[PDB]
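Enquirer: fold the following for me, if possible:
(chains A, B and C, ligands or ions: 4)
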Amino acid sequence: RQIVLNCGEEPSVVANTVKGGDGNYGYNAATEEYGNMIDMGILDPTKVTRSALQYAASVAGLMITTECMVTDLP
Amino acid sequence: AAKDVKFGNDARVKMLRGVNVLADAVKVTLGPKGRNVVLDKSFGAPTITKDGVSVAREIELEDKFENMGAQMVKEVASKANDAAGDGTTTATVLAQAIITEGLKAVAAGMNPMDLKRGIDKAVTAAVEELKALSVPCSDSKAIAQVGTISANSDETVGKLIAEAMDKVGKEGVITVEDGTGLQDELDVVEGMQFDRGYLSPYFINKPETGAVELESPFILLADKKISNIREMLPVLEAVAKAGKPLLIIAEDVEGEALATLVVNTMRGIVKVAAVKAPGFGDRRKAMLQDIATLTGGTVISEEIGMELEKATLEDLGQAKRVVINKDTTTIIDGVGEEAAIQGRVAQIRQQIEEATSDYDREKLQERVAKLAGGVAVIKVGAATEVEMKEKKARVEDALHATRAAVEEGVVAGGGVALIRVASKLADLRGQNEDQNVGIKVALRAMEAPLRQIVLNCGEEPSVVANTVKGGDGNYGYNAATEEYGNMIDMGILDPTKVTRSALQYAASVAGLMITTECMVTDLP
Amino acid sequence: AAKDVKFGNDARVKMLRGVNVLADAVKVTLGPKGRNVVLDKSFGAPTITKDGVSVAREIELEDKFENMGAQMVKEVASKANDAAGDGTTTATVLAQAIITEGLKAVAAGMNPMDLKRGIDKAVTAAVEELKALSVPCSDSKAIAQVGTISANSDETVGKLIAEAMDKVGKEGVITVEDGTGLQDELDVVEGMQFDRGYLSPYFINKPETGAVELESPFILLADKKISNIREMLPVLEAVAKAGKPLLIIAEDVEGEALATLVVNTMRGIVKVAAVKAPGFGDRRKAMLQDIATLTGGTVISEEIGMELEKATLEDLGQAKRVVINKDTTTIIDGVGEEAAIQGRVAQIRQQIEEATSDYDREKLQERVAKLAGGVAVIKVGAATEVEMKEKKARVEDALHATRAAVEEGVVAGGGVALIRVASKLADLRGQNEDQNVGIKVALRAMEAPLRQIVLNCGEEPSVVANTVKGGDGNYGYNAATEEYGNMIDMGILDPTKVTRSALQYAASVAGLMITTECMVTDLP
Ligand SMILES: Nc1ncnc2c1ncn2[C@@H]1O[C@H](COP(=O)(O)OP(=O)(O)O)[C@@H](O)[C@H]1O
Ligand SMILES: Nc1ncnc2c1ncn2[C@@H]1O[C@H](COP(=O)(O)OP(=O)(O)O)[C@@H](O)[C@H]1O
Ligand SMILES: [Mg+2]
Ligand SMILES: [Mg+2]
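Expert: Numbers count the residues shown, from 1 in each chain, chains lettered A, B, ... in the order given. Ligands and ions are numbered 1, 2, ... in the order given. There you are, the coordinates:
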């Protein structure tokens, strides 16, 4: 949604049509064509997409479960 | 007072915040997934409402300039309502859209007066296009469908309206009032009845209903008020020796006249009723004549050189039966020269044509209903008072929209009709390029109502508009069922008159507003 | 109150800011590419307008000195308007110009009183020049053109005015009021009609229109009010045995007089109408006499030793036909001694000549129109009320400008006429050099309206002025089509009287203003 937004296109619209597909069908923001992202040479190593996700999730749960915060006086 | 003057983009920006605060409070209520707004009241409990014009009237802003914005768009929502009593939110939504876009093109350095001309041209064209898409709504099912859709998808309101319209006919009145219990209720008064109780309660000839029931009686219409038994005797006598009972509708009956009339029926000498004249002032005599016609009687008007005393059986009206209680009199089937009824009707029917206002229009078509079809009343049910208000309002809303469908036809709802005429004008151009952007500004706004409807569902407005735009005719999105289909078949009908008025009024003020270059108001 | 007094350059600078705030709010609206100003109102919705005097009256400033500036120039815009009902912005623009330039020359150390003499000399000259450039505007095409140009290039307004002017003639009135629908509409009342409904509604002899239609009747004009049938009998009788019907225009008809008259036609004894006298007070008898003349009747004035009873058929007026409804009476073609009509017209025509105000001028030329040509009404259409106001105002504006063209002719618009007379006065000098700069100050200001017109289009004013200055006669810039040409051929005509008044009034105050050396006002 963010990539699309940064490009100045509609996120919801690009998002919906990417979801309408299967496999590695996607939107290439650089060229504005839909297709197979891998064929089109837009790929992330699996490690990195996963790691990003897991790490985002970790810190988010950590926060959702934080009840107290200690720090120095202003 | 000393004034604060603001110019150009400054004044416009403020103006637009103004438009926005209002527009946004009104928007939240659009469509089947609309939500409610609460409007406070120094009075008593706040008001919960879905009704765009109700929200609109409340918005007033602290920023004198933002306020001017708000107080201006406020009129689209207001006029929309005086025009067809529905579509006020849509209207608002279109204006906020025409303005947003318009202003953006003024910032592009276009000539606002041309932006306006284009917007107007676009619109004149859109209106023709709507009149072309419009198909008549004449069967009871279609009527129920506009009613229903108007009442935020309340099938019961639709049905009740449809039912009423069916009974009182085309020239019959339908009014809505608070009900006693929890359920909605439809009353239909048959024939003619006015708001008039007996002057003599000691005359009720049926203690069971607490009401007077005169069988096949004569009817005395007195223009003047009565106080003396004297003037009656000549007439009262002819009736006494005729056997039939007698109703008396005078301006008033009091004194020993009223008193003696009691003892005259209390004994069994004559059977005679007394009830005030329907109305007040110059309306009374007009209405008292209506009764004469329906019963084949002559109005004894002391005005036009006539004595009550010199009336004979001749001048008396007649009826099949009469029903009078403490609050209303009802004449059941009067003699009424058939040709003289519809003639006196077609004459009052044209009195509404040249009615120089709204009030001399109301009372007239009321009277026609009493003389022609029937009178209907809807009673809205509610557990609470916060509920009675919002429900009652919707029933009123729908009552209006049906009346609008009947006179002007229906188009596809969900804002499809508008999205459809916008593709039909894809090729409209004006005298110059600024005018062309101006045209395009309006066509784009025409997508607004569908876009809000969808946004109110929490779905993507530009995905829905995209697929709707990808179809034809009456293809549209059913927000309630979240599936696409033919809007007419699904019974999602807007009355054409309202779709058209929303466009007209919104464009009419939006147009002007985008031509603001200076704004003058008071200091804070 | 204790006062703040300011002197010299200080006081002037303040005064100028005041001028400027006002002038700039008024400017934005000049020409075909003008824009609107929004004026707030504690009342209700704000007002959107293009009309310079409307904006002007709203400007009041917080700085008591700046205010004084604003409140002074405000009168040019105001006077311009009382004078010809148009050109107020132009006027304003010219004053802001004369002031700016003038003050600059006072700071140069010139003697302001001479700067004034120069300006005035420059202007007296410019006015002669204009009367020379003026060509009469007399055909319907030219009239439509001034109308059109006045209504911000609205061809329809131009045409409607032109049409009206053509029908009611030269001594006929034209008024503008809110219309019922969306489109503009022109009504022309034929012959004579006044604002008077029947006193007896039970006398309508055509239920179709709801109106009285007396064929070839007699007319009784009673100066006194009637209450008794007595005074009628002698006359009422002569008419009864003559067959012809009878209209009665008295001060009033009530009591049993009115009542019996009803039963007299209700039976078929006589055919007789009753309607109040047109007007009130000393105006009534004046107007009631008008009717006598047009129908060849004698006013039975109880004042000048006359009894209603002793009137015969002799004194009665006569008409071809009469049309009376609930609101208006109309006499169609009365006997009217031809010579006695135009005589009574040429007499009332001169009553306007010596009319010591504006009101004893209005009513008089109203009456002449009822007795001579016709009365016309224009109805302005609008979707909204924010629209009705602005549109109606423009139609009024143009209505005025045409009347000005007709009495004083037309010159080339776009402010070419003024740019033209400035080159004609390139050689004007005064008694001394200050006066010469003073003259040059005005010639320079004479370029302002064209320069604003151009600025408001977003083009370079000194490039357009330069090429316009480079041509001759009626060469000028068409801001609407962005090309040069002959302004009269292009139908861009200003009414000479407004060009001239804008110059005169603006110079009149700007002149004084630049001679301020001290200013006294209240403490903040
Ligand atoms: N099931 C639905 N799906 C899509 N649109 C609907 C549905 N029901 C009603 N509508 C549309 O939503 C609009 C909402 O009406 P409402 O919220 O009262 O707006 P307004 O005050 O402008 O009448 C109507 O135009 C109707 O076309
Ligand atoms: N097509 C046009 N091109 C150039 N000037 C025009 C055109 N149309 C009207 N005008 C001029 O613009 C002036 C503007 O009229 P308006 O804006 O009402 O100012 P005012 O209130 O001073 O009358 C008129 O003097 C007329 O000469
Ligand atoms: Mg609605
Ligand atoms: Mg003007």
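Enquirer: please count neighbours and contacts with C-alpha atoms only from this point.
Expert: Noted.
Enquirer: touching, residue A:24 and residue A:37? I think so.
Expert: Yes - taking contacts as C-alpha atoms under 8 Å, residue A:24 lies within contact range of residue A:37: 5.6 Å.
Enquirer: the more surrounded of those two?
Expert: residue A:37 (17 against 14; other C-alpha atoms under 10 Å in any protein chain shown).
Enquirer: ok, that one touching residue A:26?
Expert: Yes - counting by C-alpha under 8 Å, residue A:37 does reach residue A:26; the two are 5.5 Å apart.
Enquirer: burial of residue A:70, as a residue count?
Expert: The burial count for residue A:70: 5, using other C-alpha under 10 Å.
Enquirer: same question but for residue A:26, I mixed them up
Expert: When neighbours are defined as other C-alpha under 10 Å, residue A:26 has 22 of them.
Enquirer: neighbouring strands for the host helix or strand of it, and are they parallel or not?
Expert: Residue A:26 belongs to strand A:25-28 when elements are defined using DSSP states H and E. Partner strands and pairing direction for strand A:25-28 (DSSP bridges) are strand A:33-36 (antiparallel).
Enquirer: can you list contacts of the strand it pairs with?
Expert: Applying C-alpha atoms under 8 Å, 6 or more residues apart in numbering or on different chains, the external contacts of strand A:33-36 come out as A:18, A:24-28.
Enquirer: next: stretch A:63-74.
Expert: Outside stretch A:63-74, no residue is within contact range by C-alpha under 8 Å, 6+ apart.
Enquirer: rewinding a little: tell me the gap between the strand holding residue A:26 and the middle of its chain.
Expert: Distance of strand A:25-28 from the chain centroid (C-alpha atoms, centre = their mean, to the nearest Å) equals 13 Å.
Enquirer: list the buried ones in it?
Expert: A:25-28 (16 or more other C-alpha atoms under 10 Å in any protein chain shown).
Enquirer: state which one residue of chain A is found closest to chain C.
Expert: Nearest residue of chain A to chain C, counting by C-alpha to the nearest C-alpha: residue A:8, 30.5 Å away.
Enquirer: confirm that that residue sits in a helix.
Expert: No - under DSSP: H, G, I helix; E, B strand; the rest coil, residue A:8 falls outside any helix and is assigned coil.
Enquirer: so what's the residue count around it?
Expert: By the measure other C-alpha under 10 Å, the count of residues near residue A:8 is 10.
Enquirer: which ones are touching it?
Expert: Residue A:8 sits next to no residue when contact means C-alpha under 8 Å, 6+ apart.
Enquirer: next one: the one 10 residues further on
Expert: Contacts here follow C-alpha under 8 Å, 6+ apart; on that basis residue A:18 touches A:25-27, A:34.
Enquirer: of the residues you listed, closest to residue A:43?
Expert: Nearest to residue A:43 among the contacts of residue A:18, counting by C-alpha to C-alpha, is residue A:26 at 10.6 Å.
Enquirer: how many neighbouring residues does residue A:38 have?
Expert: 12.
Enquirer: next, the closest residue to it other than its chain neighbours: phi, psi?
Expert: Nearest residue to residue A:38, sequence neighbours excluded (C-alpha to C-alpha, 6 or more residues apart in numbering or on different chains): residue A:24, at 6.7 Å. Main-chain dihedrals, residue A:24, degrees, to the nearest 10: phi -100, psi 30.
Enquirer: hmm, back to that, distance check, the residue of chain A closest to chain C against residue B:9.
Expert: For residue A:8, the distance to residue B:9 equals 24 Å [C-alpha to C-alpha, to the nearest Å].
Enquirer: now do residue A:24
Expert: To residue B:9, residue A:24 is 47 Å away according to C-alpha to C-alpha.
Enquirer: repeat for residue A:40
Expert: Look at residue A:40 and residue B:9: by C-alpha to C-alpha, they are 45 Å apart.
Enquirer: likewise residue A:14?
Expert: For residue A:14, the distance to residue B:9 - C-alpha to C-alpha - is 34 Å.
Enquirer: who touches whichever residue of chain A sits closest to chain B in this structure?
Expert: Using C-alpha to the nearest C-alpha, residue A:13 is the residue of chain A that sits closest to chain B, at 5.6 Å. When contacts are counted by C-alpha under 8 Å, 6+ apart, residue A:13 touches B:460, B:462-463.
Enquirer: let's have the residues you listed in CSV, adding distance to ligand 2.
Expert: Below are those laid out as CSV (distance: C-alpha to the nearest ligand atom, whole Å):
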residue, distance to ligand 2
B:460, 46
B:462, 42
B:463, 45
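Enquirer: do a quick rundown of the helices in chain A.
Expert: Under the criterion DSSP state H, chain A contains helices at A:2-6, A:11-19, A:46-64.
Enquirer: what's the most buried one of those?
Expert: Of all the helices of chain A, helix A:11-19 carries the top mean neighbour count, a mean of 16, counting by mean count of other C-alpha atoms under 10 Å in any protein chain shown.
Enquirer: now the angle between helix B:461-469 and that one, please.
Expert: Relative orientation of helix A:11-19 and helix B:461-469, computed by axes from the mean of the first three to the mean of the last three C-alpha atoms, to 10 degrees: 70 degrees.
Enquirer: measure how far helix A:11-19 is from the centre of its chain, please.
Expert: Put simply, helix A:11-19 sits 13 Å off its chain's centre (C-alpha atoms, centre = their mean).
Enquirer: what does stretch A:16-34 give?
Expert: Offset of stretch A:16-34 from its chain centre (C-alpha atoms, centre = their mean): 13 Å.
Enquirer: how about stretch A:34-43: buried residues?
Expert: The neighbour-count criterion (16+ other C-alpha under 10 Å) identifies A:34, A:36-37 as the buried residues of stretch A:34-43.
Enquirer: turn those into a markdown table, including distance to ligand 1.
Expert: Shown next, in a markdown table, are those (distance: C-alpha to the nearest ligand atom, whole Å):
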| residue | distance to ligand 1 |
| --- | --- |
| A:34 | 30 |
| A:36 | 35 |
| A:37 | 36 |
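Enquirer: now those residues in CSV, with distance to ligand 4?
Expert: Converted to CSV, the buried residues of stretch A:34-43 look like this (distance: C-alpha to the ion, whole Å):
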residue, distance to ligand 4
A:34, 57
A:36, 64
A:37, 64
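Enquirer: re earlier: what residues are up against the residue nearest to residue A:38?
Expert: Contact partners of residue A:24, counting by C-alpha under 8 Å, 6+ apart, are A:35-38.
Enquirer: for the residues you listed, which two are the farthest from each other?
Expert: Checking these against each other with C-alpha to C-alpha, the farthest-apart pair comes out as A:35 and A:38, at 8.7 Å.
Enquirer: in chain A, which residue sits closest to ligand 4?
Expert: Nearest to ligand 4, among the residues of chain A, is residue A:8, at 44.9 Å (C-alpha to the ion).
Enquirer: ends of stretch A:62-74, how far apart?
Expert: Chord length of stretch A:62-74, first to last residue, is 25 Å (C-alpha to C-alpha).
Enquirer: meant to ask about stretch A:27-45, not that
Expert: Taking C-alpha to C-alpha as the criterion, the two ends of stretch A:27-45 lie 18 Å apart.
Enquirer: what do you get for stretch A:3-12?
Expert: Counting by C-alpha to C-alpha, you get 12 Å between the two ends of stretch A:3-12.
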